[PDB]
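Working notes, structure below.
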Amino acid sequence: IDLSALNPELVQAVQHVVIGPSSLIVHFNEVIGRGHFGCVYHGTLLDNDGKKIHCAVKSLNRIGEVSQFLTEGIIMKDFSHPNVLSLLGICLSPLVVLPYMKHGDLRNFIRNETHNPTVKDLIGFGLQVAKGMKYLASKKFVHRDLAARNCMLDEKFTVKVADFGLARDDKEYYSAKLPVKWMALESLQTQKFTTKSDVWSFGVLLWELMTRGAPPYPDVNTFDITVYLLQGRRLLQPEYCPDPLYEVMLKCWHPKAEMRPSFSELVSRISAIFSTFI
Ligand SMILES: COc1cc2c(Oc3ccc(NC(=O)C4(C(=O)Nc5ccc(F)cc5)CC4)cc3F)ccnc2cc1OCCCN1CCOCC1
């Protein structure tokens with residue numbers, strides 16, 4: 001890369017979170033995942049006393065695409081919440097270094113046939129997500145792509161709200177590239193986004209949790225979802241979804257953004273629902 005050909009604002013930021021190349025071992029045959037524009041590798045981060053930290057290392061495959069890449073990392077830099085993915089740092093492709101998430105993404109986790117998360121566990125993951133979003137919303141950050149495929153799960157089954165960004169593999173869900181079936185009605189009609197539109201996404205995420213990762217509206221084509229919603233139609237109540245959790249989802253999908261619950265309300269109500277389970 002030619003550092004000169006990027007905004008000095010992005011440049012000094014990336015220097016506050018820099019990781020010297022000699023502190024980071026990237027294992028290049030050890031590919032976690034590779035999409036069209038980016039890839040992710042296993043990595044080892046050494047600290048100044050020699051202790052090894054297993055990490056994921058995100059990379060570009062390939063000025064514009066480099067400036068976007070670096071910006072995606074920099075956005076994350078000050079998120080510090082246990083339900084939001086954090087940045088370990090950036091190494092000058094430039095390398096964005098993330099903590100390793102043993103269980104990968106939440107959608108793949110809940111679809112895995114060899115494990116049985118209970119209805120309680122699934123509601124539990126939804127609650128963790130609500131807590132990460134309450135934090136993001138407190139910082140006035142709008143996610144715009146909240147979905148189970150963008151939430152990670154660590155060795156302690158802690159959910160980390162994240163966004164694969166350029167490293168998206170799973171791309172059929174986008175059609176601007178737009179995750180239309182997680183989108184609020186007014187984002188679909190205006191291509192504009194808010195915290196209340198993340199709330200709409202959140203309700204769809206909860207439906208993913210309760211169906212163990214079923215695809216939403218599978219008999220609806222990308223572009224047709226707008227008129228479907230305007231006809232007064234919504235996602236059906238999953239078989240094991242408690243009535244009050246389905247009522248939560250419906251409130252998330254209210255046509256008036258301002259009538260959707262806040263993430264603070266979601267946290268309190270879903271905590272109550274979750275506590276009712278043996
Ligand atoms: C595909 O599998 C994996 C991907 C991983 C990973 O990927 C990323 C996730 C997010 C970002 N974020 C980003 O690049 C950014 C982002 O996150 N920003 C952001 C946005 C909003 C927000 F609220 C917080 C952060 C774009 C910068 C970057 C990544 F590289 C990071 C850490 N560990 C991972 C482990 C994985 O599998 C382990 C194998 C698990 N198995 C399961 C069972 O079968 C065996 C395999």
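No hydrogens, no waters, no symmetry mates; every other heavy atom, side chains included, goes into these values. The chain is numbered in sequence order, starting from 1.
Across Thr194, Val199, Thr195, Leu266, a single residue satisfies side chain to side chain contact (heavy atoms under 4.5 Å, CB included) together with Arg260, and that is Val199.
Rounding to the nearest 0.5 angstrom, the gap separating the CD atom in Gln68 from the CG atom in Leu6 is 12.0 Å. Between atom CG of residue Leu127 and atom CZ of residue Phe274 there is a gap of 6.5 Å, rounded to the nearest 0.5 Å. Separating the CE atom in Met249 from the SG atom in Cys241 is a distance of 3.5 Å, to the nearest 0.5 Å.
Linking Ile, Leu, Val, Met, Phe, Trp and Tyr residues whenever their side-chain heavy atoms come within less than 4.5 Å leaves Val57 and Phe37 in two separate clusters. When the side chains of ILVMFWY residues are joined at heavy-atom separations under 4.5 Å, either directly or via intervening members, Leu250 and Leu205 end up in a single hydrophobic cluster. Connection of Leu185 to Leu235 is established within a shared hydrophobic cluster, with ILVMFWY side chains joined at heavy-atom distances below 4.5 Å, either directly or through further cluster members. No chain of hydrophobic side-chain contacts below 4.5 Å, direct or via other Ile, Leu, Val, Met, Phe, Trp or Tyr residues, connects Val31 to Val96. No single ILVMFWY cluster, assembled from side-chain heavy atoms under 4.5 Å apart, contains both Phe223 and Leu188.
With salt bridges taken as basic N to acidic carboxylate O contacts below 4.0 Å, none links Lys251 and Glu247. The pair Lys77-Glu72 does not meet the salt-bridge criterion, since no charged nitrogen lies less than 4.0 angstrom from a carboxylate oxygen.
Side chains of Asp2 and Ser4: no donor on one and acceptor on the other come within 3.5 Å. For the 3.5 Å distance criterion, the side chains of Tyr100 and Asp154 fail to qualify, holding no donor opposite an acceptor. Under the 3.5 Å distance criterion, with hydrogens and angles disregarded, no donor-acceptor pair is assigned to the side chains of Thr44 and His54. Side chains of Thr118 and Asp121: a donor on one and an acceptor on the other come within 3.5 Å.
Looking at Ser275, its side chain does come within 3.5 Å of a backbone N or O of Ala272 through a donor-acceptor pair. Without hydrogens or angle criteria, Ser93 side chain to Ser59 main chain gives no donor-acceptor distance under 3.5 Å. In this structure, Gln237 contributes its side chain and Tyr246 its backbone to no donor-acceptor pair below 3.5 Å. A donor-acceptor contact shorter than 3.5 Å is absent between the side chain of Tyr41 and the backbone of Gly33. A donor-acceptor pair under 3.5 Å is absent between the side-chain atoms of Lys58 and the main chain of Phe69, judged by distance alone. In terms of modelled atom types and a separation under 3.5 Å, the side chain of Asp47 and the main chain of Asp49 share a donor-acceptor contact. With hydrogens and angles disregarded, a donor-acceptor distance shorter than 3.5 Å links the side chain of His16 to the backbone of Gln12.
A ring-centre distance under 6.0 Å is found for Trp182 and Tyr173. Taking the ring centroids of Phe79 and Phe141, they lie under the 6.0 Å cut-off. The aromatic ring centres of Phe109 and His115 sit less than 6.0 Å apart.
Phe28 CZ: more than 12 foreign heavy atoms inside a 6.0 Å radius. More than 12 non-hydrogen atoms from other residues, nucleotides or ligands lie less than 6.0 angstrom from NE2 of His27.
For the pair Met152/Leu106, no side-chain contact is recorded, criterion being any heavy-atom separation below 4.5 Å from C-beta on. For the pair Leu178 and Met183, the minimum side-chain heavy-atom distance is below 4.5 Å. Using a 4.5 Å heavy-atom threshold, the side chains of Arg212 and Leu122 count as touching. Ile90 has its side chain out of reach of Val18: every pair of non-hydrogen atoms, C-beta onward, lies at least 4.5 Å apart.
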Decide side-chain contact (heavy atoms from CB on, under 4.5 Å) for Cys151 and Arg107; before the verdict, give the C-alpha distance in whole Å, the side-chain angles of both, and the deciding distance to 0.1 Å. CA-CA 8 Å; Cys151 292; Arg107 189 190 185 230; over 6 Å; no
Between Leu229 and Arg234, does a side-chain contact (heavy atoms from CB on, under 4.5 Å) hold up when you go through it step by step? CA-CA 6 Å; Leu229 296 166; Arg234 298 294 182 258; 3.6 Å; yes
One pair to check against side-chain contact (heavy atoms from CB on, under 4.5 Å): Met133 and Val129. What are the steps and the verdict? CA-CA 6 Å; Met133 288 313 299; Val129 170; 4.2 Å; yes
Step by step, would you call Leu10 with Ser67 a side-chain contact (heavy atoms from CB on, under 4.5 Å)? CA-CA 8 Å; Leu10 181 53; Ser67 182; 3.6 Å; yes
Just do the side chain to side chain donor-acceptor pair (under 3.5 Å) check on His143 and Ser201 with the steps written out, would you? CA-CA 10 Å; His143 192 298; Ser201 303; over 6 Å; no
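Note on residues 163-182: pairs passing salt bridge (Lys or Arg N to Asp or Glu O under 4.0 Å), not counting sequence neighbours, are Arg168-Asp170.
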